[PDB]
Amino acid sequence: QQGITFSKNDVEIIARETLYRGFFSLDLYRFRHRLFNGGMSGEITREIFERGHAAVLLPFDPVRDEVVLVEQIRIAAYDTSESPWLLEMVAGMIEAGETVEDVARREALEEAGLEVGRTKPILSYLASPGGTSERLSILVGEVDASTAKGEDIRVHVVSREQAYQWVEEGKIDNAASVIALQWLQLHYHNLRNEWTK
Amino acid sequence: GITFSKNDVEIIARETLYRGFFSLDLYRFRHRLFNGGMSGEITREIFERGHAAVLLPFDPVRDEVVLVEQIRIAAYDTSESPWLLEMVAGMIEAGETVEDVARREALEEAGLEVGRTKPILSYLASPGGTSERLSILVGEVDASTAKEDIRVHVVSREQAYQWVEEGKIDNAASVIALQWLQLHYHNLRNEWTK
């Protein structure tokens, strides 16, 4: 099938406004966009939660078939979770001029005490594009999980199979970790082949 | 597993920062520390937009997935196009169930009656900054019956997953649902055709 129909050039961003500016921002976009029938929409405004974009690293040990998780409180989880302490991937914001890989390597060191060897891209995703611009770009990073040491954060080492079963069970239920560990479950055979050669 | 529970956190206040279509709240709180004791008072900005139900419409007879296309302007800054291919989804209002919302939106957004469902996963979209939880079901649909400005696409499962691999589908809900489908479709097709 043909896939999407329209591109950037098919929307006119008339103007942007920042309605709240603190640690994050709430922006208002005013825009017009082409319609599937050919016509052009009227002027439309949408609120957008703006918080920059992130690099994410899945630390995978291909010799031990283990992953390294970090545990810390995420108070936003409080209202819909049994606990706001979450098991997560290493992550950090990308500043202007920084690359995904540099941030991912940095955060693996200063968030989990991990020296990373090789990396490979997983996927880059929009966390929730109906209301936030945030994009997160995930890499898998080669680590020795037996060295894992390590904002109040606890470092966990668990088997790939246990981590994935925790996704299935709902014990790991944040998008970055779910996406990364599902990807790992689909690709770990080839990754272990590539990184143990 | 994790170490602490809600008894180990004190939410002192929630302070409105912004009220419009969405909300932004300042949570003021204290929480237990791994090495003992409690934090001092911490504040965090939290985007509040309610929670969603998501449905992956899967035709197990034909091995097909139904996608919905529409503009999502927040994608603009980082994407090749703000028009995205997505799962059916809708907000959960007070007292509604994930199942009821998912089935209503499948009929409304894509003209699809849904047969059986199974849970995929429920996930926090970005819990460093938003409370939003999205709960995904897989729904049994007859892909030959598929008919905000929205366009419906019927594609093979293999095509939809290839688009995840290529980055042509790159929103969390669709990635999670289609990676799950790639892990489970063999047993799911047998369960819903046998």
# chains A, B, ... in the order shown; residues from 1 in each chain; ligands from 1
$ closest_atom_pairs --of "chain B" --to "chain A" --cutoff "6 Å" --atoms "only C-alpha atoms" --output "Markdown table"
| residue | atom | partner | partner_atom | distance |
| --- | --- | --- | --- | --- |
| B:5 | CA | A:83 | CA | 4.9 |
| B:6 | CA | A:83 | CA | 5.7 |
| B:72 | CA | A:130 | CA | 5.8 |
| B:74 | CA | A:133 | CA | 4.5 |
| B:75 | CA | A:133 | CA | 5.6 |
| B:81 | CA | A:7 | CA | 4.6 |
| B:123 | CA | A:173 | CA | 4.6 |
| B:124 | CA | A:174 | CA | 4.6 |
| B:125 | CA | A:175 | CA | 5.3 |
| B:127 | CA | A:76 | CA | 5.5 |
| B:128 | CA | A:74 | CA | 5.8 |
| B:130 | CA | A:76 | CA | 5.9 |
| B:131 | CA | A:76 | CA | 4.5 |
| B:170 | CA | A:125 | CA | 4.6 |
| B:171 | CA | A:126 | CA | 4.6 |
| B:172 | CA | A:127 | CA | 5.3 |
| B:176 | CA | A:179 | CA | 5.8 |
$ residues_around --residues "residue 117 (chain B)" --least-positions-apart "3" --cutoff "8 Å" --atoms "only C-alpha atoms" --output "JSON list (two decimals) with N, CA, C and O atoms, in the first residue's frame"
[["chain", "number", "residue", "atom", "x", "y", "z"],
["B", 114, "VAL", "N", -15.89, -5.19, 16.09],
["B", 114, "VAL", "CA", -14.80, -5.96, 16.68],
["B", 114, "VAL", "C", -15.39, -7.24, 17.26],
["B", 114, "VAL", "O", -16.43, -7.20, 17.92],
["B", 137, "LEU", "N", -5.42, -3.00, 23.34],
["B", 137, "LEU", "CA", -6.02, -4.30, 23.06],
["B", 137, "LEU", "C", -5.73, -4.66, 21.60],
["B", 137, "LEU", "O", -5.59, -3.79, 20.74],
["B", 138, "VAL", "N", -5.68, -5.94, 21.32],
["B", 138, "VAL", "CA", -5.79, -6.42, 19.94],
["B", 138, "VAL", "C", -7.25, -6.80, 19.72],
["B", 138, "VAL", "O", -7.87, -7.46, 20.57],
["B", 139, "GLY", "N", -7.83, -6.34, 18.61],
["B", 139, "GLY", "CA", -9.23, -6.64, 18.30],
["B", 139, "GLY", "C", -9.41, -7.38, 16.99],
["B", 139, "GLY", "O", -8.84, -7.00, 15.96],
["B", 140, "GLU", "N", -10.20, -8.43, 17.03],
["B", 140, "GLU", "CA", -10.47, -9.27, 15.86],
["B", 140, "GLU", "C", -11.41, -8.53, 14.92],
["B", 140, "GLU", "O", -12.54, -8.19, 15.29]]
$ select_by_dssp --residues "chain A" --states "strand (DSSP E)" --output "MDAnalysis selection string"
chainID A and resid 11:21 25:33 44:50 54:61 66:73 85:88 90:93 119:126 135:142 154:159
$ closest_atom_pairs --of "region 39-95 of chain B" --to "region 153-161 of chain B" --cutoff "10 Å" --atoms "only C-alpha atoms" --output "tab-separated table"
residue	atom	partner	partner_atom	distance
B:57	CA	B:154	CA	9.7
B:58	CA	B:157	CA	8.2
B:59	CA	B:157	CA	9.0
B:60	CA	B:157	CA	9.6
B:62	CA	B:156	CA	7.9
B:63	CA	B:157	CA	5.7
B:64	CA	B:156	CA	4.2
B:65	CA	B:157	CA	5.5
B:66	CA	B:154	CA	4.6
B:67	CA	B:153	CA	5.1
B:68	CA	B:153	CA	6.1
B:69	CA	B:153	CA	7.5
B:85	CA	B:153	CA	8.5
B:86	CA	B:153	CA	9.9
$ residues_around --residues "residue 192 (chain A)" --least-positions-apart "3" --cutoff "8 Å" --atoms "only C-alpha atoms" --output "PDB file with N, CA, C and O atoms, in the first residue's frame"
ATOM      1  N   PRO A  62      25.631  -9.288  25.663  1.00  0.00           N
ATOM      2  CA  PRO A  62      25.391 -10.446  24.791  1.00  0.00           C
ATOM      3  C   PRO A  62      26.043 -11.735  25.264  1.00  0.00           C
ATOM      4  O   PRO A  62      25.646 -12.817  24.813  1.00  0.00           O
ATOM      5  N   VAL A  63      27.056 -11.652  26.114  1.00  0.00           N
ATOM      6  CA  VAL A  63      27.656 -12.856  26.665  1.00  0.00           C
ATOM      7  C   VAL A  63      26.751 -13.474  27.712  1.00  0.00           C
ATOM      8  O   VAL A  63      26.594 -14.701  27.768  1.00  0.00           O
ATOM      9  N   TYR A 188      17.426 -10.470  19.490  1.00  0.00           N
ATOM     10  CA  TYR A 188      18.569 -10.848  20.314  1.00  0.00           C
ATOM     11  C   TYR A 188      19.396 -11.980  19.707  1.00  0.00           C
ATOM     12  O   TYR A 188      20.618 -12.008  19.898  1.00  0.00           O
ATOM     13  N   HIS A 189      18.781 -12.908  18.966  1.00  0.00           N
ATOM     14  CA  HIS A 189      19.578 -13.961  18.348  1.00  0.00           C
ATOM     15  C   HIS A 189      20.625 -13.368  17.412  1.00  0.00           C
ATOM     16  O   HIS A 189      21.806 -13.740  17.461  1.00  0.00           O
ATOM     17  N   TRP A 195      27.612  -9.609  17.998  1.00  0.00           N
ATOM     18  CA  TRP A 195      28.464  -9.029  19.031  1.00  0.00           C
ATOM     19  C   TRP A 195      29.337 -10.055  19.746  1.00  0.00           C
ATOM     20  O   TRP A 195      30.182  -9.669  20.563  1.00  0.00           O
ATOM     21  N   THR A 196      29.160 -11.338  19.465  1.00  0.00           N
ATOM     22  CA  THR A 196      30.023 -12.371  20.012  1.00  0.00           C
ATOM     23  C   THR A 196      30.954 -12.945  18.955  1.00  0.00           C
ATOM     24  O   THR A 196      31.758 -13.825  19.271  1.00  0.00           O
TER      25      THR A 196
END
$ atom_distance --atom1 "CA of residue 103 (chain B)" --atom2 "CA of residue 142 (chain B)"
13.8 Å
$ atom_distance --atom1 "CA of residue 148 (chain B)" --atom2 "CA of residue 129 (chain B)"
26.5 Å
$ atom_distance --atom1 "CA of residue 33 (chain B)" --atom2 "CA of residue 61 (chain A)"
28.2 Å
$ residues_around --residues "residue 60 (chain A)" --least-positions-apart "3" --cutoff "12 Å" --atoms "only C-alpha atoms" --output "ChimeraX atom specification"
/A:57,63-69,89-90,108,114-120,139-146,148,157-161,163,180-181,183-185,187-188,191-192,195
$ write_last_selection --atoms "C-alpha atoms" --output "tab-separated table (two decimals), in the first residue's frame"
chain	number	residue	atom	x	y	z
A	57	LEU	CA	19.98	3.24	25.77
A	63	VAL	CA	27.66	-12.86	26.66
A	64	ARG	CA	25.37	-13.12	29.70
A	65	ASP	CA	22.06	-12.51	27.89
A	66	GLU	CA	21.35	-9.84	30.53
A	67	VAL	CA	20.02	-6.27	30.54
A	68	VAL	CA	20.69	-3.46	33.00
A	69	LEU	CA	17.68	-1.52	34.29
A	89	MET	CA	16.18	2.39	30.30
A	90	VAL	CA	19.01	4.84	30.65
A	108	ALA	CA	24.92	4.96	30.61
A	114	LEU	CA	28.33	1.50	32.54
A	115	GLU	CA	31.10	1.60	29.96
A	116	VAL	CA	29.43	0.98	26.59
A	117	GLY	CA	31.15	-0.76	23.71
A	118	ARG	CA	29.34	-1.06	20.41
A	119	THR	CA	25.94	0.53	19.79
A	120	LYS	CA	23.24	-0.03	17.20
A	139	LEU	CA	20.05	2.58	20.86
A	140	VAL	CA	21.13	-0.83	22.13
A	141	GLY	CA	24.52	-0.64	23.83
A	142	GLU	CA	26.99	-3.45	24.48
A	143	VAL	CA	27.87	-3.77	28.17
A	144	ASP	CA	29.35	-6.16	30.73
A	145	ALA	CA	26.43	-6.50	33.12
A	146	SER	CA	28.65	-7.91	35.85
A	148	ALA	CA	26.94	-2.56	36.61
A	157	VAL	CA	20.72	-6.65	36.40
A	158	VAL	CA	18.26	-9.24	35.15
A	159	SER	CA	18.16	-11.83	32.41
A	160	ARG	CA	16.71	-10.76	29.09
A	161	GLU	CA	14.02	-13.42	29.53
A	163	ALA	CA	12.96	-8.52	31.74
A	180	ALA	CA	13.33	-1.55	23.61
A	181	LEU	CA	12.71	-4.94	25.22
A	183	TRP	CA	12.80	-5.07	19.98
A	184	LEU	CA	15.37	-7.11	21.90
A	185	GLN	CA	13.05	-10.11	21.99
A	187	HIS	CA	16.47	-9.32	17.51
A	188	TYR	CA	18.57	-10.85	20.31
A	191	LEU	CA	22.58	-9.33	18.01
A	192	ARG	CA	24.28	-12.03	20.07
A	195	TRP	CA	28.46	-9.03	19.03
$ residues_around --residues "residue 23 (chain B)" --least-positions-apart "2" --cutoff "10 Å" --atoms "only C-alpha atoms" --output "PyMOL selection string"
(chain A and resi 26+47+49) or (chain B and resi 16-21+25+46-50)
$ closest_residue --among "B:168, B:104, B:147, B:118" --to "residue 192 (chain B)" --atoms "only C-alpha atoms"
B:118
$ select_by_dssp --residues "region 12-176 of chain A" --states "alpha helix (DSSP H)" --output "ChimeraX atom specification"
/A:100-112,160-169,175-176
$ residues_around --residues "residue 104 (chain A)" --least-positions-apart "5" --cutoff "7 Å" --atoms "only C-alpha atoms" --output "list in words"
residues 55, 56, 57 and 91 of chain A
